[PDB]
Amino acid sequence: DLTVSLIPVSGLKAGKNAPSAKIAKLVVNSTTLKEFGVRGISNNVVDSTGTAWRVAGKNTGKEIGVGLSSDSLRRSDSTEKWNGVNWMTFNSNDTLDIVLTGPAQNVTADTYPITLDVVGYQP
């Protein structure tokens, strides 16, 4: 099986953030599976692989753009299809960065939930 941790970054400050500011760390470990696919889950997924999406603040409803970092995307092993559905795959026993996507974002002080789906892949 897979052992998954999604770890929020400490010390994030409201206001103008750096481009690609790190906001969470995804940790996936396994003794049995060599790879995994991952997709973001929200009310507005914005690309064909589900690796960028938008999330809403609990107290304000304001949206921010989030996703895998450019560096993390370049570490993908492949993009595979599960009954026609794209999933980008990555090595198990590794970590990936979730970031604020695109150009610098001005983020309103709030709590923003992030949800990911992870599935084992045997290449």
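What we label the rigid core is the largest C-alpha set whose atoms superpose within 1.5 Å from one form to the other. Start at 1 and count along the sequence shown; that's the residue number.
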Practice task
On a core superposition, give the stretch, 46-54 or 80-88, with the larger average C-alpha separation from this form in 7 other deposited structures of this protein (RMS over structures and residues).
Solution key: 80-88
Exercise for the section: Going by the average Cα B-factor in the PDB entry, point out whether 1-9 or 112-120 comes out higher. Expected result: 1-9
Handout entry: Higher-scoring stretch by recorded Cα B factor average, 27-35 or 45-53
Key = 27-35
Handout entry: Per the PDB entry, maximal CA B factor within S76, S69, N86, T95
Key = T95
